[PDB]
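What follows is a set of notes on a single structure, which appears directly below.
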Amino acid sequence: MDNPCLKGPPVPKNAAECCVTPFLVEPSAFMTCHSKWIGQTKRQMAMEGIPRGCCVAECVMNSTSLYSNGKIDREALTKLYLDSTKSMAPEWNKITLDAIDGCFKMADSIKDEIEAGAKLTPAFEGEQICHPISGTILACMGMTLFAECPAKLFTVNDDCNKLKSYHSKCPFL
């Protein structure tokens, strides 16, 4: 099938306007990584075969010293997400801990595909190969946190319904 994520979000509305979610990196550090790697990330969405590792995510993980030779430091990642939740609604503690558990469980279930993705060779000019672990975790975290948002903390409007639909399958890039 055609990659649904090639369409981009259906509305340019900032997701924070739908729900304020926990984070692992400050927006400024995320934007630096996004600007550097979005170009090739979009190209990789239009390539068949084994999913190609997302460099935007590896950049984010490197900015927080969480990534090392195909592994993510779960202890340090949990500490960072929990830090962001300290002044948030109390519902976020459990939602965050459950989201981390589910994302690491999912990553383990696709270990072989992730490992094969790490071994891919550049398929176009200047493509940088990144290990898929960072994107596997980060994509899952963002989508799960947004979907678990309590209705009392979620903006119930048409544009946020569109973002809920889009982001149930497509990660925050």
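Be aware that the sequence shown starts at 1, since it is given in the entry's author numbering, and climbs by one per residue. Beta carbons: idealized from backbone N, C-alpha and C, even for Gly.
From the options, residue whose alpha carbon lies closest to that of residue i
i	options	result
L80	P4, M141, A118 and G102	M141
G53	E113, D159, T155 and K164	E113
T41	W92, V11, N14 and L6	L6
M88	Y166, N157, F172 and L145	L145
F104	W92, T78 and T121	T78
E115	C130, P12 and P122	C130
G117	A107, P51 and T32	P51
Reduced DSSP secondary structure (H/G/I, E/B, other) of residue i
i	result
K71	strand
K7	helix
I114	helix
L66	coil
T78	helix
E58	helix
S84	helix
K152	helix
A89	coil
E127	coil
Boundaries of the alpha helix (DSSP H) in which residue i is found, first to last residue
i	result
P27	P27 to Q44
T121	Note, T121: premise wrong, no alpha helix (DSSP H); not H, not E.
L138	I133 to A147
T96	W92 to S109
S165	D158 to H167
Local Cβ density within 10 Å of residue i, reported as buried at 16 or more and exposed below that
i	result
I72	buried
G135	buried
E58	buried
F124	exposed
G8	exposed
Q128	exposed
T85	buried
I137	buried
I95	buried
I133	buried
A76	exposed
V156	exposed
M31	exposed
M106	exposed
For the region 40–47 against the region 12–25, are there 3 or more C-beta pairs whose distance is under 8 Å?
no
With contact counted as at least three CB pairs below 8 Å, one residue from each stretch, are the region 156–163 and the region 97–110 in contact?
no
Three or more C-beta pairs below 8 Å linking the region 146–158 and the region 1–20:
yes
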